[PDB]
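Structure, as structure tokens:
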Amino acid sequence: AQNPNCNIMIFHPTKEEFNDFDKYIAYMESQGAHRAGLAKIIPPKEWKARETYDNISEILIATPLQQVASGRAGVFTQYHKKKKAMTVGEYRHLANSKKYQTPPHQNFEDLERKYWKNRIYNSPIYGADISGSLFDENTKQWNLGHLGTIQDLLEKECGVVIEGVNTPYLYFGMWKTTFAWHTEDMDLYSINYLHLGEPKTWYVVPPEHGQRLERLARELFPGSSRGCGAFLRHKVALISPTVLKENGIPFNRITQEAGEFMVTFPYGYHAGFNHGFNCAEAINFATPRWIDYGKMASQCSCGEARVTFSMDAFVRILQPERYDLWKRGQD
Ligand SMILES: O=C(O)CNC(=O)C(=O)O
Ligand SMILES: [Mg+2]
Ligand code: NI
Ligand SMILES: [Zn+2]
């Protein structure tokens, strides 16, 4: 078995290897990459997502989210308070302000320490889930706006034609902006490209050990657990590396820098934070190996997790028994 310790692997494809996305994902899995839940892909040096980022300031963040924390430093939840719209230029200025900017630090480890120590005492503002792309249409390789669609994958593998579309989303981050512990909708893959700015630190649990994280989360967030049998789908709970170590949960961590891709694999729980002003783009995708994960994916039926139009069809076709109750949650 390749990669038996489930380490995060880092890949450096050549420009030739960067042509066929599906084939490279399948290559990575042949080397065991999926066992970690997360992989880093450094693009060939010849490749670029677009020519410059000089003209992005007028993108609108229609609903910036203020991430308010509750709990203790290593075990907290966050709630997203909606704020008034602002441009990316306005947001970058805010991110760079004295109130929100990254503190002085020695290296990524010292900044990680400061994040876990101090995150709860601040409420950074996140521009998340903004439909759109920053890839130039002329970028032909690993262009997250030109991937094959999950609906087309399901059709190719299973023969069923379904409605729905699959488009990317932009994320504008600042210091301390946080992504809570989650897997993807329907335990899909994700791919995330850090277009610009400061790094993003990731933590991940190997898929084969995801239930260990779930069991800890039910112990640590006991009222949330009683309220919903898949409450990590709410994307609000954080647990620090120190806490994970204290409870024997297997995990790994890695820092993504501008110009790098990360891939999350089916049922790879992940969480993380941004080091400073940055912009990422991400999208879900599928492969043949995903299908069985999609069939087994948990679902939130309490009604909090409230998810896309396109997830309907996935549930309907892959989880017909759940369909009924899950759609009661979504209506
Ligand atoms: O970058 C973020 O805030 C969150 N991204 C992801 O969870 C991802 O790409 O799967
Ligand atoms: Mg603009
Ligand atoms: Ni994710
Ligand atoms: Zn729920």
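Easy rule for this one: first residue shown is 1, then count along the chain.
Header says: X-ray crystallography, 1.5 Å.
Note that Cβ sites are derived from N, Cα and C of the backbone, with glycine treated the same way.
DSSP labels the residues of the domain 'JmjN' (8-50) in these numbers: 14 helix, 7 strand, 22 coil. The domain 'JmjN' feature in Swiss-Prot is assigned to 8-50; the stated evidence is sequence analysis.
Residues annotated as polyADP-ribosyl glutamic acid in Swiss-Prot, with experimental evidence given as evidence: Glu16 (among others). Cβ-based neighbour count (10 Å, all protein chains) for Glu16 (polyADP-ribosyl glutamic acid) stands at 8.
Among the features that Swiss-Prot reports, polyADP-ribosyl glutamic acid is placed at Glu17 (among others), with the record citing experimental evidence. Within 10 Å of the C-beta atom of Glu17 (polyADP-ribosyl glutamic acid) sit 14 other C-beta atoms, taking all shown protein chains into account.
The DSSP secondary structure for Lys200 (2-oxoglutarate binding site) is strand. Annotation source Swiss-Prot lists 2-oxoglutarate binding site at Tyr126, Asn192, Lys200, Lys235.
Marked as domain 'JmjC' by Swiss-Prot on the basis of sequence analysis: 136-302.
For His270 (Fe cation binding site), other Cβ atoms within 10 Å of its Cβ number 22. Annotation comment: Swiss-Prot describes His182, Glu184, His270 as Fe cation binding site.
DSSP assigns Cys300 (Zn(2+) binding site) to coil, not to a helix or a strand. Summarising the annotation, Swiss-Prot assigns Zn(2+) binding site to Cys228, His234, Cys300, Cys302 and lists a large-scale study or a structure entry as the type of evidence.
Calculated from their C-alpha atoms, the gap between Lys235 (2-oxoglutarate binding site) and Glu17 (polyADP-ribosyl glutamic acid) amounts to 35 Å. Its Cβ taken as reference, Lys235 (2-oxoglutarate binding site) is surrounded by 16 other Cβ atoms within 10 Å in the chains shown. Less than 6 Å separates the Cβ from ligand 1 in the case of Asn192, drawn from the recorded positions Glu16, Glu17, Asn192, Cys228, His234 in sequence order. Take the mean position of the Cβ atoms of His182, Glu184, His270, the recorded Fe cation site; other residues of that chain with a Cβ within 8 Å of it are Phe179, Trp181, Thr183, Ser190, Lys235, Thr264, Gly268, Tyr269, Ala271.
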